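Have a look at start_31.cif; it's mmCIF, C-alpha atoms; chains and numbers go by the auth columns:
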data_protein
#
loop_
_atom_site.group_PDB
_atom_site.id
_atom_site.type_symbol
_atom_site.label_atom_id
_atom_site.label_comp_id
_atom_site.label_asym_id
_atom_site.label_seq_id
_atom_site.Cartn_x
_atom_site.Cartn_y
_atom_site.Cartn_z
_atom_site.B_iso_or_equiv
_atom_site.auth_seq_id
_atom_site.auth_asym_id
ATOM 1 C CA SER A 1 -7.507 -13.619 2.614 0.00 1 U
ATOM 2 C CA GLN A 2 -8.008 -11.017 -0.251 0.00 2 U
ATOM 3 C CA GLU A 3 -11.289 -9.640 1.267 0.00 3 U
ATOM 4 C CA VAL A 4 -9.832 -9.073 4.759 0.00 4 U
ATOM 5 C CA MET A 5 -7.064 -7.094 3.012 0.00 5 U
ATOM 6 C CA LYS A 6 -9.487 -4.739 1.186 0.00 6 U
ATOM 7 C CA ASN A 7 -11.760 -4.732 4.234 0.00 7 U
ATOM 8 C CA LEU A 8 -9.088 -3.736 6.813 0.00 8 U
ATOM 9 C CA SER A 9 -9.015 -0.366 4.978 0.00 9 U
ATOM 10 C CA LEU A 10 -11.116 1.215 7.810 0.00 10 U
ATOM 11 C CA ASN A 11 -8.835 4.294 8.134 0.00 11 U
ATOM 12 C CA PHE A 12 -6.289 3.210 5.443 0.00 12 U
ATOM 13 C CA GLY A 13 -7.487 5.748 2.793 0.00 13 U
ATOM 14 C CA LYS A 14 -9.773 7.710 5.121 0.00 14 U
ATOM 15 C CA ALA A 15 -6.511 9.254 6.396 0.00 15 U
ATOM 16 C CA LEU A 16 -5.242 9.900 2.802 0.00 16 U
ATOM 17 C CA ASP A 17 -7.026 13.235 3.141 0.00 17 U
ATOM 18 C CA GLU A 18 -5.138 14.146 6.305 0.00 18 U
ATOM 19 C CA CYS A 19 -1.782 13.453 4.622 0.00 19 U
ATOM 20 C CA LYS A 20 -3.139 15.330 1.538 0.00 20 U
ATOM 21 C CA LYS A 21 -3.854 18.243 3.918 0.00 21 U
ATOM 22 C CA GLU A 22 -0.524 17.992 5.790 0.00 22 U
ATOM 23 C CA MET A 23 1.691 17.727 2.654 0.00 23 U
ATOM 24 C CA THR A 24 -0.689 19.743 0.347 0.00 24 U
ATOM 25 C CA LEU A 25 -0.864 16.816 -2.105 0.00 25 U
ATOM 26 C CA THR A 26 -3.112 16.605 -5.139 0.00 26 U
ATOM 27 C CA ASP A 27 -6.194 14.412 -5.524 0.00 27 U
ATOM 28 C CA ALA A 28 -5.099 11.969 -8.329 0.00 28 U
ATOM 29 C CA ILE A 29 -3.313 9.691 -5.853 0.00 29 U
ATOM 30 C CA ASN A 30 -6.939 8.732 -5.125 0.00 30 U
ATOM 31 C CA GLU A 31 -6.740 6.896 -8.503 0.00 31 U
ATOM 32 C CA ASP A 32 -3.190 5.601 -7.826 0.00 32 U
ATOM 33 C CA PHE A 33 -4.257 3.693 -4.663 0.00 33 U
ATOM 34 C CA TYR A 34 -7.498 2.522 -6.394 0.00 34 U
ATOM 35 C CA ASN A 35 -6.415 -0.835 -7.838 0.00 35 U
ATOM 36 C CA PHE A 36 -2.985 -0.570 -9.470 0.00 36 U
ATOM 37 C CA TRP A 37 -4.102 -2.943 -12.309 0.00 37 U
ATOM 38 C CA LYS A 38 -1.594 -3.086 -15.254 0.00 38 U
ATOM 39 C CA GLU A 39 0.925 -5.914 -15.677 0.00 39 U
ATOM 40 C CA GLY A 40 4.217 -4.143 -14.833 0.00 40 U
ATOM 41 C CA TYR A 41 3.904 -0.334 -14.871 0.00 41 U
ATOM 42 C CA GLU A 42 5.454 1.816 -12.159 0.00 42 U
ATOM 43 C CA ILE A 43 2.985 4.695 -12.331 0.00 43 U
ATOM 44 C CA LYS A 44 4.664 8.019 -13.128 0.00 44 U
ATOM 45 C CA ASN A 45 3.032 9.736 -10.075 0.00 45 U
ATOM 46 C CA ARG A 46 5.484 10.292 -7.155 0.00 46 U
ATOM 47 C CA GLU A 47 3.492 12.021 -4.415 0.00 47 U
ATOM 48 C CA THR A 48 1.753 8.616 -3.922 0.00 48 U
ATOM 49 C CA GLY A 49 4.765 7.167 -2.023 0.00 49 U
ATOM 50 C CA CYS A 50 4.690 10.318 0.158 0.00 50 U
ATOM 51 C CA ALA A 51 1.048 9.631 1.103 0.00 51 U
ATOM 52 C CA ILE A 52 1.839 5.885 1.547 0.00 52 U
ATOM 53 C CA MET A 53 4.805 6.558 3.851 0.00 53 U
ATOM 54 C CA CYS A 54 2.732 9.207 5.773 0.00 54 U
ATOM 55 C CA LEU A 55 0.048 6.520 6.395 0.00 55 U
ATOM 56 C CA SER A 56 2.702 3.921 7.354 0.00 56 U
ATOM 57 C CA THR A 57 4.142 6.542 9.795 0.00 57 U
ATOM 58 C CA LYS A 58 0.737 7.285 11.412 0.00 58 U
ATOM 59 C CA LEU A 59 -0.102 3.560 11.531 0.00 59 U
ATOM 60 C CA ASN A 60 3.271 2.783 13.207 0.00 60 U
ATOM 61 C CA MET A 61 3.712 0.191 10.390 0.00 61 U
ATOM 62 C CA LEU A 62 7.403 1.146 10.033 0.00 62 U
ATOM 63 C CA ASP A 63 10.336 1.220 12.397 0.00 63 U
ATOM 64 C CA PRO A 64 11.637 4.801 13.021 0.00 64 U
ATOM 65 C CA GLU A 65 14.323 4.118 10.351 0.00 65 U
ATOM 66 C CA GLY A 66 11.789 3.223 7.612 0.00 66 U
ATOM 67 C CA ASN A 67 12.192 -0.583 7.429 0.00 67 U
ATOM 68 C CA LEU A 68 8.753 -2.183 7.968 0.00 68 U
ATOM 69 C CA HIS A 69 7.822 -3.695 11.345 0.00 69 U
ATOM 70 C CA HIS A 70 6.748 -7.357 10.961 0.00 70 U
ATOM 71 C CA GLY A 71 4.658 -7.720 14.168 0.00 71 U
ATOM 72 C CA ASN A 72 3.242 -4.154 14.137 0.00 72 U
ATOM 73 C CA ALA A 73 2.032 -4.648 10.537 0.00 73 U
ATOM 74 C CA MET A 74 0.721 -8.127 11.552 0.00 74 U
ATOM 75 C CA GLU A 75 -1.523 -6.512 14.232 0.00 75 U
ATOM 76 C CA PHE A 76 -3.310 -4.556 11.485 0.00 76 U
ATOM 77 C CA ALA A 77 -3.933 -7.834 9.602 0.00 77 U
ATOM 78 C CA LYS A 78 -5.115 -9.669 12.768 0.00 78 U
ATOM 79 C CA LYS A 79 -7.889 -7.026 13.267 0.00 79 U
ATOM 80 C CA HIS A 80 -10.429 -8.750 10.966 0.00 80 U
ATOM 81 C CA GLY A 81 -8.799 -12.220 11.271 0.00 81 U
ATOM 82 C CA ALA A 82 -6.555 -12.414 8.192 0.00 82 U
ATOM 83 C CA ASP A 83 -4.846 -15.625 7.090 0.00 83 U
ATOM 84 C CA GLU A 84 -1.632 -16.213 9.047 0.00 84 U
ATOM 85 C CA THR A 85 0.221 -17.129 5.855 0.00 85 U
ATOM 86 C CA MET A 86 -1.254 -14.180 3.846 0.00 86 U
ATOM 87 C CA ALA A 87 -0.334 -11.759 6.641 0.00 87 U
ATOM 88 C CA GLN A 88 3.224 -13.205 6.749 0.00 88 U
ATOM 89 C CA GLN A 89 3.584 -13.078 2.920 0.00 89 U
ATOM 90 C CA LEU A 90 2.556 -9.383 2.814 0.00 90 U
ATOM 91 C CA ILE A 91 5.404 -8.828 5.314 0.00 91 U
ATOM 92 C CA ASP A 92 7.962 -11.048 3.385 0.00 92 U
ATOM 93 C CA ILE A 93 7.093 -9.223 0.173 0.00 93 U
ATOM 94 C CA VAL A 94 8.555 -6.081 1.884 0.00 94 U
ATOM 95 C CA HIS A 95 11.740 -8.040 2.786 0.00 95 U
ATOM 96 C CA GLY A 96 11.939 -9.082 -0.917 0.00 96 U
ATOM 97 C CA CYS A 97 11.113 -5.731 -2.575 0.00 97 U
ATOM 98 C CA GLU A 98 13.536 -3.820 -0.289 0.00 98 U
ATOM 99 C CA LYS A 99 16.239 -6.402 -1.184 0.00 99 U
ATOM 100 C CA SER A 100 15.933 -5.340 -4.843 0.00 100 U
ATOM 101 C CA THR A 101 14.985 -1.676 -4.348 0.00 101 U
ATOM 102 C CA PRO A 102 18.393 0.109 -4.037 0.00 102 U
ATOM 103 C CA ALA A 103 18.143 3.551 -2.387 0.00 103 U
ATOM 104 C CA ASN A 104 16.857 7.006 -3.398 0.00 104 U
ATOM 105 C CA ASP A 105 17.377 10.703 -2.527 0.00 105 U
ATOM 106 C CA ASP A 106 13.610 10.887 -1.767 0.00 106 U
ATOM 107 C CA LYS A 107 11.989 8.435 0.623 0.00 107 U
ATOM 108 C CA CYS A 108 8.691 8.760 -1.337 0.00 108 U
ATOM 109 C CA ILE A 109 10.513 7.366 -4.379 0.00 109 U
ATOM 110 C CA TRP A 110 12.246 4.807 -2.093 0.00 110 U
ATOM 111 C CA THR A 111 8.794 3.710 -0.870 0.00 111 U
ATOM 112 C CA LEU A 112 7.191 3.751 -4.369 0.00 112 U
ATOM 113 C CA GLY A 113 9.451 0.985 -5.754 0.00 113 U
ATOM 114 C CA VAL A 114 8.543 -1.240 -2.767 0.00 114 U
ATOM 115 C CA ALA A 115 4.906 0.071 -2.846 0.00 115 U
ATOM 116 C CA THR A 116 4.421 -0.983 -6.474 0.00 116 U
ATOM 117 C CA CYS A 117 6.380 -4.253 -6.003 0.00 117 U
ATOM 118 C CA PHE A 118 3.839 -5.084 -3.233 0.00 118 U
ATOM 119 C CA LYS A 119 0.849 -4.779 -5.627 0.00 119 U
ATOM 120 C CA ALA A 120 2.930 -6.703 -8.230 0.00 120 U
ATOM 121 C CA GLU A 121 3.605 -9.647 -5.867 0.00 121 U
ATOM 122 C CA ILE A 122 -0.149 -9.746 -4.931 0.00 122 U
ATOM 123 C CA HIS A 123 -0.914 -9.901 -8.692 0.00 123 U
ATOM 124 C CA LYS A 124 1.474 -12.761 -9.602 0.00 124 U
ATOM 125 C CA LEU A 125 0.369 -14.476 -6.306 0.00 125 U
ATOM 126 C CA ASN A 126 -3.084 -14.605 -8.001 0.00 126 U
ATOM 127 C CA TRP A 127 -4.546 -12.507 -5.124 0.00 127 U
ATOM 128 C CA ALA A 128 -6.071 -9.638 -7.232 0.00 128 U
ATOM 129 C CA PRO A 129 -7.908 -11.189 -10.227 0.00 129 U
ATOM 130 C CA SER A 130 -10.841 -8.967 -11.301 0.00 130 U
ATOM 131 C CA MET A 131 -12.629 -7.967 -8.029 0.00 131 U
ATOM 132 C CA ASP A 132 -11.848 -4.191 -8.362 0.00 132 U
ATOM 133 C CA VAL A 133 -12.621 -1.666 -5.512 0.00 133 U
ATOM 134 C CA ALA A 134 -9.629 -2.533 -3.275 0.00 134 U
ATOM 135 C CA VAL A 135 -8.843 0.875 -1.620 0.00 135 U
ATOM 136 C CA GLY A 136 -11.122 3.821 -2.528 0.00 136 U
ATOM 137 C CA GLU A 137 -14.831 4.423 -3.157 0.00 137 U
ATOM 138 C CA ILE A 138 -17.355 4.896 -5.992 0.00 138 U
ATOM 139 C CA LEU A 139 -18.330 8.579 -6.437 0.00 139 U
ATOM 140 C CA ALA A 140 -19.586 8.800 -10.041 0.00 140 U
ATOM 141 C CA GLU A 141 -16.964 6.764 -11.940 0.00 141 U
ATOM 142 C CA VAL A 142 -16.149 9.025 -14.976 0.00 142 U
#
Could you quickly redo this structure as C-alpha coordinates?
Amino acid sequence: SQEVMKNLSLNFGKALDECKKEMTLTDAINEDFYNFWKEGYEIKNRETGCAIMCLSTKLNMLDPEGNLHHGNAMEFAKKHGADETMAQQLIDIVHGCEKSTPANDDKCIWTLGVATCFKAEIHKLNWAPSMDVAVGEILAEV
(Lines of atoms letter the chains of each structure in order from A and count residues from 1; the text may use other names and numbers.)
(Lines give C-alpha, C1' and ligand atoms only; values in the text may rest on other atoms or scores of the structure.)
Protein backbone atom coordinates (compact mmCIF):
# COMPACT_ATOMS: atom_id res chain seq x y z
CA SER A 1 0.00 0.00 0.00
CA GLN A 2 2.26 2.88 1.34
CA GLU A 3 -0.07 5.65 -0.01
CA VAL A 4 -3.25 4.21 1.55
CA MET A 5 -1.32 4.20 4.86
CA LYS A 6 -0.40 7.92 4.68
CA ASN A 7 -3.80 8.68 3.16
CA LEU A 8 -5.92 6.95 5.86
CA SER A 9 -4.66 9.74 8.18
CA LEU A 10 -8.07 11.54 7.87
CA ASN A 11 -8.41 12.11 11.66
CA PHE A 12 -5.13 10.32 12.64
CA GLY A 13 -3.20 13.57 13.45
CA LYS A 14 -6.21 15.89 13.24
CA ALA A 15 -7.04 14.48 16.71
CA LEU A 16 -3.41 14.99 17.94
CA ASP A 17 -4.62 18.44 18.98
CA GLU A 18 -7.45 17.04 21.08
CA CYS A 19 -5.04 14.74 22.96
CA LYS A 20 -2.62 17.73 23.17
CA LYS A 21 -5.52 19.66 24.76
CA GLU A 22 -6.64 16.80 27.05
CA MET A 23 -3.12 15.93 28.35
CA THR A 24 -1.68 19.51 27.95
CA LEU A 25 1.12 18.18 25.71
CA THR A 26 3.64 20.28 23.84
CA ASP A 27 3.75 20.89 20.09
CA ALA A 28 7.06 19.14 19.08
CA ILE A 29 5.37 15.73 18.88
CA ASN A 30 4.10 17.28 15.63
CA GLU A 31 7.70 16.71 14.38
CA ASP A 32 7.95 13.26 16.06
CA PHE A 33 4.98 11.84 14.08
CA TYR A 34 6.19 13.60 10.87
CA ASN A 35 8.33 10.88 9.28
CA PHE A 36 10.55 9.20 11.87
CA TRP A 37 13.44 8.98 9.32
CA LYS A 38 16.81 7.95 10.92
CA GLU A 39 18.16 4.39 10.76
CA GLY A 40 17.72 3.24 14.39
CA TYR A 41 17.10 6.13 16.80
CA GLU A 42 14.45 5.94 19.51
CA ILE A 43 13.67 9.65 19.72
CA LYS A 44 14.26 11.07 23.20
CA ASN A 45 10.71 12.60 23.33
CA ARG A 46 8.29 10.63 25.58
CA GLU A 47 4.97 12.48 25.44
CA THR A 48 4.68 11.12 21.85
CA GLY A 49 3.67 7.62 23.08
CA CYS A 50 1.05 9.34 25.29
CA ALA A 51 -0.48 11.05 22.22
CA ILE A 52 -0.17 7.77 20.21
CA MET A 53 -1.91 5.70 22.89
CA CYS A 54 -4.60 8.46 23.31
CA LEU A 55 -5.31 8.20 19.53
CA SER A 56 -5.31 4.37 19.68
CA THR A 57 -7.79 4.64 22.62
CA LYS A 58 -10.15 7.02 20.74
CA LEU A 59 -9.85 4.93 17.56
CA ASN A 60 -10.68 1.72 19.50
CA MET A 61 -7.46 0.31 17.93
CA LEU A 62 -6.53 -1.38 21.23
CA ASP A 63 -8.25 -3.88 23.48
CA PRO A 64 -9.15 -2.38 26.92
CA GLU A 65 -5.93 -3.98 28.29
CA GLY A 66 -3.64 -2.23 25.74
CA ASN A 67 -2.79 -5.13 23.39
CA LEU A 68 -3.74 -4.11 19.82
CA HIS A 69 -6.96 -5.40 18.23
CA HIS A 70 -6.23 -7.16 14.90
CA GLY A 71 -9.69 -6.83 13.26
CA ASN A 72 -10.50 -3.37 14.71
CA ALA A 73 -7.18 -2.02 13.37
CA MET A 74 -7.87 -3.85 10.05
CA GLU A 75 -11.17 -1.89 9.65
CA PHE A 76 -9.17 1.36 9.62
CA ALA A 77 -6.96 -0.06 6.83
CA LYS A 78 -9.97 -1.35 4.82
CA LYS A 79 -11.41 2.23 4.67
CA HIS A 80 -9.42 3.28 1.57
CA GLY A 81 -8.85 -0.32 0.35
CA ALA A 82 -5.40 -1.18 1.72
CA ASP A 83 -3.49 -4.30 0.68
CA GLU A 84 -4.65 -7.34 2.66
CA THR A 85 -1.05 -8.42 3.25
CA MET A 86 0.14 -4.86 4.16
CA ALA A 87 -2.76 -4.47 6.60
CA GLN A 88 -1.94 -7.88 8.16
CA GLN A 89 1.82 -7.07 8.37
CA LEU A 90 1.14 -3.76 10.19
CA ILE A 91 -0.80 -5.89 12.71
CA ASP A 92 1.92 -8.67 12.95
CA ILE A 93 4.57 -6.01 13.47
CA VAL A 94 2.71 -5.20 16.76
CA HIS A 95 2.78 -8.92 17.73
CA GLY A 96 6.57 -8.86 17.02
CA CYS A 97 7.48 -5.54 18.69
CA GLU A 98 5.45 -6.37 21.84
CA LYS A 99 7.26 -9.76 21.96
CA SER A 100 10.57 -7.90 22.35
CA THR A 101 9.33 -4.81 24.22
CA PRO A 102 9.43 -5.90 27.93
CA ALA A 103 7.24 -3.73 30.19
CA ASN A 104 7.42 -0.19 31.62
CA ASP A 105 6.10 1.85 34.59
CA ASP A 106 4.59 4.29 32.03
CA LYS A 107 2.34 3.05 29.25
CA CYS A 108 3.53 5.96 27.03
CA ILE A 109 7.06 4.53 27.27
CA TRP A 110 5.59 1.01 26.83
CA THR A 111 3.89 2.22 23.62
CA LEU A 112 6.95 4.19 22.37
CA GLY A 113 9.18 1.09 22.03
CA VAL A 114 6.45 -0.62 19.94
CA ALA A 115 5.60 2.74 18.23
CA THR A 116 9.18 3.23 17.02
CA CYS A 117 9.63 -0.49 16.18
CA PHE A 118 6.57 -0.08 13.88
CA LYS A 119 8.25 2.72 11.85
CA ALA A 120 11.48 0.64 11.92
CA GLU A 121 9.79 -2.47 10.45
CA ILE A 122 8.15 -0.28 7.71
CA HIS A 123 11.67 1.06 6.92
CA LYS A 124 13.47 -2.31 6.63
CA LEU A 125 10.33 -3.61 4.76
CA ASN A 126 11.30 -0.98 2.12
CA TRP A 127 7.90 0.75 2.63
CA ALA A 128 9.19 4.31 3.44
CA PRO A 129 11.96 5.19 0.94
CA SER A 130 12.07 8.97 0.33
CA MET A 131 8.40 10.05 -0.15
CA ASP A 132 8.28 12.27 3.02
CA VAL A 133 4.98 13.84 4.32
CA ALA A 134 3.54 10.68 5.95
CA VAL A 135 1.56 12.15 8.93
CA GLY A 136 1.53 15.96 9.30
CA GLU A 137 1.31 19.01 7.03
CA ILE A 138 3.47 21.73 5.44
CA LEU A 139 3.13 25.08 7.27
CA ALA A 140 6.34 26.97 6.40
CA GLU A 141 9.01 24.27 6.80
CA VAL A 142 11.76 26.08 8.85
The PyMOL selection byres ((chain U and resi 59-68) around 12) resolved against shown file, as a PyMOL selection string: chain U and resi 9-13+15-16+52-58+69-77+90-99+103+107-108+110-111+114-115
- request: Select, from U:40, U:109, U:101, U:135, the residue with the minimum atom-to-atom distance to residue 121 (chain U), counting all atoms listed in the file.
  value: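 Selected residue with least distance to residue 121 (chain U): U:40.
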- request: Find the residue from U:133, U:140, U:128, U:50 that sits nearest to residue 38 (chain U); use only C-alpha atoms when measuring.
  value: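 Closest residue, counting only C-alpha atoms: U:128.
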Selected residue, from U:48, U:123, U:88, U:82, that lies nearest to residue 3 (chain U) when counting all atoms listed in the file: U:82
task: Quick one: pull the distance between CA of residue 119 (chain U) and CA of residue 85 (chain U), Å, one decimal.
output: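 The value is 16.9 Å.
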- request: Choose the residue, out of U:43, U:36, U:81, U:51, that has the smallest atom-to-atom separation from residue 130 (chain U); count only C-alpha atoms.
  value: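 Ranked by minimum distance to residue 130 (chain U), first place goes to U:36.
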task: Considering all atoms listed in the file, return as a list in words whatever protein or nucleic-acid residues lie within 10 Å of residue 23 (chain U), sequence-local ones (same chain, fewer than 2 positions apart) excluded.
output: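 Close residues of residue 23 (chain U): residues 17, 18, 19, 20, 21, 25, 26, 47, 50, 51 and 54 of chain U.
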CA of residue 24 (chain U) to CA of residue 8 (chain U), straight-line distance in Å: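 Computing it gives 25.8 Å between the two atoms.
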Fewer than 3 positions away in the same chain doesn't count, so skip those; otherwise give me all residues within 12 Å of residue 141 (chain U), counting all atoms listed in the file, as a JSON list (two decimals) with C-alpha atoms, in the frame of the given file.
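Printed below is part12.json as written:
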[["chain", "number", "residue", "atom", "x", "y", "z"],
["U", 31, "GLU", "CA", -6.74, 6.90, -8.50],
["U", 34, "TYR", "CA", -7.50, 2.52, -6.39],
["U", 133, "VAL", "CA", -12.62, -1.67, -5.51],
["U", 136, "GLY", "CA", -11.12, 3.82, -2.53],
["U", 137, "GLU", "CA", -14.83, 4.42, -3.16],
["U", 138, "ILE", "CA", -17.36, 4.90, -5.99]]
query: Which value, in Å to one decimal, gives the distance between CA of residue 112 (chain U) and CA of residue 142 (chain U)?
result: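 CA of residue 112 (chain U) sits 26.2 Å away from CA of residue 142 (chain U).
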Any chance you could work out the axis-aligned box around region 62-68 of chain U, listed atoms only, 6 Å on each side, giving centre and edge lengths in Å to one decimal, as AutoDock Vina command-line options?
--center_x 10.9 --center_y 1.3 --center_z 10.2 --size_x 18.9 --size_y 19.0 --size_z 17.6
